[PDB]
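Reviewing the structure listed below.
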Amino acid sequence: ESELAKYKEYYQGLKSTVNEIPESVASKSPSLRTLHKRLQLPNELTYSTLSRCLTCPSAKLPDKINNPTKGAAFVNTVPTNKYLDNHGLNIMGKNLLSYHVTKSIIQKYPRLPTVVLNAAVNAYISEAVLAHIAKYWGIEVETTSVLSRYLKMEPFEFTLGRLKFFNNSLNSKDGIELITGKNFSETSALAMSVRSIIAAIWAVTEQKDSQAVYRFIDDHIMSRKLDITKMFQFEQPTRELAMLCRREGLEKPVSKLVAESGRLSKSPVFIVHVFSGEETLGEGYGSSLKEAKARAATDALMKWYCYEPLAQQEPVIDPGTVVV
Amino acid sequence: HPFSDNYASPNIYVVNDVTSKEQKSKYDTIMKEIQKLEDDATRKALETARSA
Amino acid sequence: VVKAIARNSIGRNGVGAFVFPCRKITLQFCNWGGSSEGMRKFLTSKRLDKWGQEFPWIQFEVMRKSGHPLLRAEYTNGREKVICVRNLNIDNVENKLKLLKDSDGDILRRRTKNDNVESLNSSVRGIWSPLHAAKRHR
Amino acid sequence: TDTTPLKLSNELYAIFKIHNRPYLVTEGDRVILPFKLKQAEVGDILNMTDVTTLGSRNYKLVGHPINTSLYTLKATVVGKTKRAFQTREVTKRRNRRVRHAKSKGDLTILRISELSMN
Amino acid sequence: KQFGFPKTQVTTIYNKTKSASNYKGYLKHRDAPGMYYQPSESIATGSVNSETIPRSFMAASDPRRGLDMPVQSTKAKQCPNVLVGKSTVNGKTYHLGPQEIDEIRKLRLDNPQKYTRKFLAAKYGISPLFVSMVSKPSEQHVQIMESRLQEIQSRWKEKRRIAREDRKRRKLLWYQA
Amino acid sequence: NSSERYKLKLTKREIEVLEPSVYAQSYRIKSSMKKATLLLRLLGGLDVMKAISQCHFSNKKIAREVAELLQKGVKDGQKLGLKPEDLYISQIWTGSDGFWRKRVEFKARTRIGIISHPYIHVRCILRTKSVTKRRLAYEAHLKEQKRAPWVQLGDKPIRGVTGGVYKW
RNA sequence: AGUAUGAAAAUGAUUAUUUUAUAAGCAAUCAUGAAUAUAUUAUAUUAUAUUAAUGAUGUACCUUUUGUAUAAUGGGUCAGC
RNA sequence: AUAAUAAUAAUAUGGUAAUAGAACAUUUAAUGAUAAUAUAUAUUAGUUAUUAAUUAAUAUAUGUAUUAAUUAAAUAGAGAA
């Protein structure tokens, strides 16, 4: 006999299992099972599907393997099947995230500016955030080599359970990164995995319970804290407020001193209110008068934009951003 | 001498007791075998070049 | 004119869907080594199976090493508790395992008096202001 | 009890009491009880009962444990744990015996998942 | 007044003037069970709260419009105008025709040092801002002005530059909310 | 001659060490450490040439030795590739050189002391004005940029614990 | 008074961070800003760490004593014994 | 009828001289797997109700534990002369 032959046949078996993701093997994988139990995924979502979601596309081994001298070696993963990876799933998950999150944000804040809305959406479902979520869930990367695994003589089940992409061995050894594309990044792979899981959930539940996916998203993605007030940065807000007042049936906004203390000091306090008629729109405190005025305008704009109506109200469609 | 089958609850498992020394020996044999294979192929290529 | 500030969301584990903090536990023992007796007994005696049945979201690795017996947990936040269970009986080991599973992974920390609630949320009522107080000072 | 303004308001706080210890909370807030919970395991949900005060920005429905029906307040038990281990030393002023008073109190991290007017 | 709830201060059992920070007194103070009106002791600057938003910014079908919580405590008659433009005090005027504008533009290009914005404003009974909006100066003049500004900046000490930076940071912070 | 991009990840210590420097060392100088310090504190962050000049016109005995050391460090820097008008003394310290021979001082009325005879060494690290100084200027600039301003009516944390109750 | 090896301490100099020129005591603890450092789940409004803003409280140890901050006693300091 | 751990109730749980109980560190002897993917040692950061041990990172050695554990021996633990 020969040990090379033994290793080779093991590798071949592993490749075959990757191509298939046979259901029994996937079931045997403890990590997959624990992930399934942790997230409370549907029973219709098979363990093979979950394994596939963790399998990123990796058809051909790249040219950068040829030289570890240039700071890269791809020796962990094994080639995947063209029609059994997380790629199609991932796209679907991304689409779902882009639809649902955005919709939820619009429901919450129907006048939110377009740029601000986009930023909020990004915050909710940015690649880094998605990667973090995946890490939290316990989607671990297949860092160990194939040869090493063979030597240990571990089953293929464990491999199936881990996340599988062209992860560069010696990525940041001796403090040297190679700056490769998105197809070799860990964060991206983790993002794909979390999107792929969502897509798989959708696939299994859509006919029985159409909104199951969206309630899962709400539980995991939309449950996260984001203060929308911290997102804004105005420029000349008084002018913008005046424009807004003009657009609506409101009197011209003027700022007026409500209260004042410590004028002729290092740190005064000036309270000014931007009135439109007798109604106050924005209240603004400040060290200077100018500052206070600015703050009142910004407050007014916040109140305009971040207005969140009740669920009992009929839908509020805003009349666009205030084009100054 | 526990095993993964012994526990009968699929989230439990026992990692394989392969001695470090044995693994090292296996590695040595495989890389050596590869080297042997390569060297013979190179020799053959040299012989072919010499011929024509 | 209005411009966004790029900002990211904060995950509150409990509010939507509770992800269980403990993700993996490794039982480590030695075949030699008299300190690993209680661990060995625990591994043998049908308790581990019951545990796994109870908690199918945790994976239970079982490893053999030359040193003292070890219980290393692994949590959602990425931290790792490792309890050495040297010379402990079966029941003590089980209690230790229970303690580990109970833990949210976060580091241990001194709390001051009444440092109870930890909010991301802005106050529902505002922050106090002397100009806006109900009773004016003198 | 006309509880309409509270119901309307987007922001809302509660001052529920566990063993007469008040904890002022909103949804998402992460309460840290200074004892070991025996009844609830990790993952279990706690329906708060002795709720003293339920407040908006300008109103509050406060009094004896307000009717639970009026509201909901679900906490989730998100990890039993402990405080950091401390060892203060106890000794008298011309005495070489120095007794170490070791301490490592228990904690229970709750998370306020739901808080709303029913 | 829609609601006729009794109103309460944030009451301590202790002397509030001497022990406002003492949480214990607040904890002690029990009040009879029911609904109350505790007006907030706060400015409504950073708040997105629904009790803080004005009625004009609420939607027409909002139930909250009718409820009396965006309280108009202040009065615009009593408050005096702060950093208000002369257009806002005495109304906007749209009097200058195209010919006048063209003349202004011609003047400004010709000699911005002689025919400065303020002078133009004085001549035509209109704002310096409006003059600026109407007409660009000769780009040379602008360049000169930029160079002068740069020279002034260079003339500063280290401390002054730092102070200016701090001021700029503060200004940026104002518009955050 | 390549299309491979890279990003380098280096610790603070690694950054410090890799900047071009030169490490002068004296021989076994006959002096006290205190006496050396009394001079060496003057030659803190000077340009090497300035320091050498100061040593030349110093009244002290260690001064000549210090000057010689500086000259040697300059020569070393030149040999390496550096310039003498670029070099500044980054660090310069002293230490005991060991094997100080004690020797009893006999006093009046059957009393004694012990006279030690101290030997020291001066080492110094010369770094470049062209790199290290530029780097620390850049760092200072970054720190200045980062620095949050003084806000007059600014958001200071309401220090203290809440106590499960609104005080407002 | 063997031969190596020796990030053992006391102790010297230097630098870096950080604090310090209106503040008065065993020099700490606790409270609490702030600055900085590191962090391969800082998602962060993160964590920890370093640090004499700042406030509270705080009369070295030991022996010997009816009783010690004691101006009763012993110890310069570390390592070995 | 025992033990191990966990429950509910109650009672107690300051302490000099002093009495009793039970542990740990260190060194040697008997028995004795393991292996530089290890061990030993050090710093730091953790975990274990924590004199202790253990995880990880790192430095240094060493192809290796009188090693875990049970006994039995101690020249068995030092801010006090």
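In the structure tokens, chains take the letters A, B, ... in the order shown, each chain's residues start at 1, and ligands count up from 1 in the order shown.
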### Task
Find the residues of chain F in contact range of chain G, meaning any atom within 12 Å when counting only C-alpha atoms (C1' of nucleotides), and list them as a ChimeraX atom specification.
/F:11-13,16,32-41,43-45,89-98,118,120-125,136,143,147-148,156-161
### Message
With only C-alpha atoms (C1' of nucleotides) as the counted atoms, please give the residues lying no more than 10 Å from residue H:39, apart from itself and same-chain residues fewer than 5 positions off, as a ChimeraX atom specification.
### Response
/H:62,64-65,67
### Task
Specify as a PyMOL selection string all residues of chain A found within 7 Å of chain C, counting only C-alpha atoms.
chain A and resi 30-31+34-35+37-39+115-116+119+123-124+136-138+218-220+223-226+231-237+240+324
If the cut-off is 8 Å, can you tell me the residues of chain C near chain E, counting only C-alpha atoms? I'd like them as a compact mmCIF listing (two decimals) with C-alpha atoms, in the first residue's frame.
# COMPACT_ATOMS: atom_id res chain seq x y z
CA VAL C 124 -38.35 58.77 27.08
CA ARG C 125 -38.75 61.89 29.17
CA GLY C 126 -35.98 64.34 28.20
CA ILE C 127 -32.86 65.31 30.09
CA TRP C 128 -33.59 67.91 32.77
CA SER C 129 -33.08 71.61 32.02
CA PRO C 130 -33.12 74.52 34.52
CA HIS C 132 -37.58 74.24 31.33
CA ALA C 133 -38.18 73.04 34.93
CA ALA C 134 -41.67 73.11 36.46
CA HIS C 137 -35.23 78.04 41.23
### Straight-line distance linking atom CA of residue F:88 with atom CA of residue F:48, stated in Å to one decimal
5.0 Å
Could you list, with a cut-off of 6 Å and counting only C-alpha atoms (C1' of nucleotides), the residues of chain C near chain H, each shown with its nearest atom pair and the distance in Å rounded to one decimal, rows sorted by chain and ascending number, as CSV?
residue,atom,partner,partner_atom,distance
C:32,CA,H:33,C1',5.8
C:33,CA,H:68,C1',3.8
C:34,CA,H:69,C1',4.2
C:35,CA,H:68,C1',5.9
C:81,CA,H:47,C1',5.3
C:82,CA,H:47,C1',5.0
C:83,CA,H:48,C1',5.1
C:84,CA,H:54,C1',5.3
C:91,CA,H:5,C1',5.2
Selected residues written out with C-alpha atoms, as a compact mmCIF listing (two decimals), in the first residue's frame:
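So the final result, stored in selection14.txt, reads:
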# COMPACT_ATOMS: atom_id res chain seq x y z
CA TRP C 32 -3.89 8.15 32.53
CA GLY C 33 -3.88 10.88 35.19
CA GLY C 34 -5.80 10.46 38.45
CA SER C 35 -7.10 14.05 38.33
CA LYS C 81 -14.30 30.21 29.23
CA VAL C 82 -11.99 27.34 30.21
CA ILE C 83 -12.56 25.63 33.57
CA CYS C 84 -9.99 23.11 34.78
CA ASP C 91 -21.48 15.85 40.31
### Task
Might you pull out every residue within 10 Å of residue H:37, with only C-alpha atoms (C1' of nucleotides) counted and same-chain residues fewer than 4 positions away left off, and present them as a ChimeraX atom specification?
/B:19-21,23-24
### Task
Just the alpha helix (DSSP H) stuff from stretch 42-145 of chain F, please, per backbone DSSP, written as number ranges by chain.
F: 48-56, 62-80, 132-145
### Task
Could you please tell me, as a list in words, which residues of chain D have an atom within 10 Å of chain H when using only C-alpha atoms (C1' of nucleotides)?
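Within 10 Å of chain H on chain D, we get residues 85, 86, 87, 92, 94, 95, 102, 103, 104 and 105 of chain D.
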